[PDB]
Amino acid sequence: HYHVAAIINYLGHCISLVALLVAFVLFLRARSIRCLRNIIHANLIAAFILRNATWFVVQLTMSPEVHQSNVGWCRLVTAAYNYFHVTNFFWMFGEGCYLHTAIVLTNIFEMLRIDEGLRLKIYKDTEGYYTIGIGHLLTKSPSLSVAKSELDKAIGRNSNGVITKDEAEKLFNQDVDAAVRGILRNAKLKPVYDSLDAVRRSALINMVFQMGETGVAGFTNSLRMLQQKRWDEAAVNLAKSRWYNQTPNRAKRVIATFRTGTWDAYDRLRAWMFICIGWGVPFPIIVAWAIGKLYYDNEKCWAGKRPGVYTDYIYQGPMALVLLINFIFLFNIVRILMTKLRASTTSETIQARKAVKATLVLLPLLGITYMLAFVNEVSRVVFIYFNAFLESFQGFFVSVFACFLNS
């Protein structure tokens, strides 16, 4: 049977590798590779591709004579293969951070957290008025004691000076409504705002926060063009204003949002933070593991299982912890979907459901294999053959899954 299990493993690994590669090319071709969803999926696929390819290399290490010798390149392959193992876990954790944040925090919140900055503690602004969050003014009393109270009425609860991230969102949402009220009352801004789609409306609100209604109104020809959906020409005119000269970066992002329609400008910035979770963090982990092996376990290409001293827990450790956290995220996401978002049916909530549905489908497929790992008749043959199939086709499931989310 052992030969059968080996044949299935090579067959599966081939299939999953091809599947992953096809999915990756798909995501690269897409114009949506700009979206944050697709950046994570593509990186997730890459992380998976690398592991499958390394598997075939690892197969060469296996032959006894190389296994025994513990050659230098042998050790590199084992470490590399393990690195990609952690990469897989952390990228999956990547998707889970995104999904969780996707429901709890709106796009417009994220845009103006990059552009004006988020401060969770009470601070005094430039002219000395107490301000918290994304540019929210509490009151103009000189006594911070009074300010703590003013925040409490706003939030509903006693604050002691420091508000939760979810609370800042409520403050921010309030400000956005105020901005819209102002926009609708403005004779110049109103026709333009009403014609714009949701993403561009956000970009208009961005300028309102920085310049004011009166300031944004001053852009007569840019807004005319905006209204006539002449986005390329509208962008040209927006630069010429000195707003651009004084704050190029924020202006470029806001202007670019007018052109495209998308969040691409802000999404790139967000993506670097995911990148660290997926490739950045597992690298110190694997380095620490490799030192451990050099110190007490220099045998057998680093793949020897010795009972022994636990060195594999240096990388296995974080893999386990990352998983638990994802469960906590999932637990919170599912509850939110029942709790507030039953009746919502927005563009975001539909996708989040579709994702959660797919996660639930994905999670037993990958999970059973670990369950079978802890616990060890014709039915014994069925255990091994099942194992051989699940591990080998692990990659294929990921390819299908990523594609399903993208759709």
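The first residue of the shown sequence is 1; numbering continues from there.
Colleague: Per the record, how many residues of the deposited chain fall between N376 and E377 without being modelled: none, 1 to 3, 4 to 9, or 10 or more?
Modeller: Per the deposited record, the segment joining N376 and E377 lacks coordinates for 4 to 9 residues.
Colleague: Taking the mean of the C-alpha B-factors per stretch from the entry, tell me the winner out of 114-122 and 205-213.
Modeller: The entry gives the higher C-alpha B-factor average to 114-122.
Colleague: If you average the CA temperature factors as listed in the entry, which stretch comes out higher, 144-152 or 70-78?
Modeller: On average, C-alpha B-factors are higher across 144-152.
Colleague: Going by the entry, which of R29, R380, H41, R51 has the most elevated CA B factor?
Modeller: Out of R29, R380, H41, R51, the record gives the largest C-alpha B-factor to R380.
Colleague: Given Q246, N158, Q316, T260, identify the residue with the highest C-alpha B factor in the PDB entry.
Modeller: Of the options given, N158 has the highest CA B-factor in the PDB entry.
Colleague: Compared with the other modelled residues in the chain, in which third is the CA B-factor of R242?
Modeller: Its C-alpha B-factor belongs to the middle third of this chain's values.
Colleague: Going by the entry, which third of its chain does the Cα temperature factor of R250 land in?
Modeller: For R250, the deposited C-alpha B-factor lands in the lowest third.
Colleague: Would you please rank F393 by its C-alpha temperature factor against the other modelled residues of its chain and give the third it falls in: lowest, middle or highest?
Modeller: It falls in the middle third of the chain.
Colleague: Report the third (lowest, middle or highest) to which the CA temperature factor of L226 belongs, ranking only the modelled residues of the same chain.
Modeller: Its C-alpha B-factor, which the entry lists for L226, ranks in the middle third among residues of this chain.
Colleague: Report the third (lowest, middle or highest) to which the CA temperature factor of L137 belongs, ranking only the modelled residues of the same chain.
Modeller: Highest third of the chain for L137's C-alpha B-factor.
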